[PDB]
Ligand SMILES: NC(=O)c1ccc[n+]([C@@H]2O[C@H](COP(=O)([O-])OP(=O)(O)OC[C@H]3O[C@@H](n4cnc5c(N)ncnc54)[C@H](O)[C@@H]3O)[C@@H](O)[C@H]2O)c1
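In C-alpha cells, one chain follows: the form deposited without the ligand.
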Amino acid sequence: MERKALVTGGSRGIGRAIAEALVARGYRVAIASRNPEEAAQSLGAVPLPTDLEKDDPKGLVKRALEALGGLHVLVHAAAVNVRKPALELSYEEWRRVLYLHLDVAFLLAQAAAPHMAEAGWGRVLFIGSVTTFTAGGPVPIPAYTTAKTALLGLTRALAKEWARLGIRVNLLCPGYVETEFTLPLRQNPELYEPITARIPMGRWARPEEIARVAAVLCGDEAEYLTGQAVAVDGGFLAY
C-alpha cells in the first residue's frame, strides 16, 4: 500500500472500525493492542502485540515503521477507564487513565512526527469524547473527562508546531457508540435512557459510522484541517 498507518486499540470497537476503514482506503495498516492477531488477519492488517499501559511507546512506533516501511498516519484509539467518582478514586487509578489516554498520546505522536516529516506528509488523529466538552452526565468519569479534554490542548499545540512539516493533527470526538467498552452503560436504563434522550438521532452510533469521519481526518480531505476537534455524536452536544 501507499500510506502507512498505525492504529492503537485497533483490535476492538472504534479502533478496529478505523483500521478497517483505512484498509478500505488502500492504506497499509498496522494494528496495535494486547491481542491484535485475530483482528489483523480478518482486516488484512499487520499485527503489533503490545501493552501500551506499560511498553515504551517509542518502541511501538519503531516497530510500526519497520513493519510498514514508513509511517504517515497515527491513530491512538486505545481504551481504558476507571469509572469512579473523584472522592473514591485513587491516585494510581487516576494516573492509569491519564497515562494511557494522554501521556501515551504525547509519546506516540512525538515519536511518529519525525517519520511523517521525513515523508513530508502526516496525519495524527487523537480520539476524544463528548467528555472533551462535558463531564459525562450520569456517569462518574472524572479521570477520563480530564484526559479527553486535555487532548484538545495537545491537538492544538502539536498542530501549531508541526503544520509546516506537512502534518495535520486533529481530535475525533465520538458520541455514544455501541462497542464492548460501552456495553456496561447500555446496560441499566438508569444511564442509557437519560443519555439517549439527549441524542437527537435517537440512537447510539455503530463503530463504522464513526470510522467514516476518522478516515477523512486521516486523508487528503484534511489537507487544510488541523488543530480541531470534530464531534460525531448524533447531535448529543447540540441538544
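One rule holds for the numbers: they count along the sequence shown, beginning at 1.
We do not show the form solved in complex with the ligand, though everything after this point is about it.
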Are all three residues 79, 127 and 179 in contact with the ligand in the bound PDB entry, where contact means a non-hydrogen atom within 4.5 Å?
yes
With a cut-off of 4.5 Å between heavy atoms, is residue 144 one of the residues that contacts the ligand in the bound PDB entry?
yes
Given that the partner is absent here, does residue 148 sit within 4.5 Å of the ligand in the bound PDB entry, heavy atoms only?
yes
Is there any non-hydrogen atom of residue 57 lying within 4.5 Å of the ligand in the bound PDB entry?
no
Taking heavy atoms only, is residue 51 within 4.5 angstroms of the ligand in the bound PDB entry?
yes
Which among 114-122, 155-163, 71-79, 87-95 is in contact with the ligand in the bound PDB entry, heavy atoms within 4.5 angstroms?
71-79
Give, in sequence order, every residue of 23-42 that has a heavy atom within 4.5 Å of the ligand in the bound PDB entry, or say none if there are no such residues.
32, 33, 34
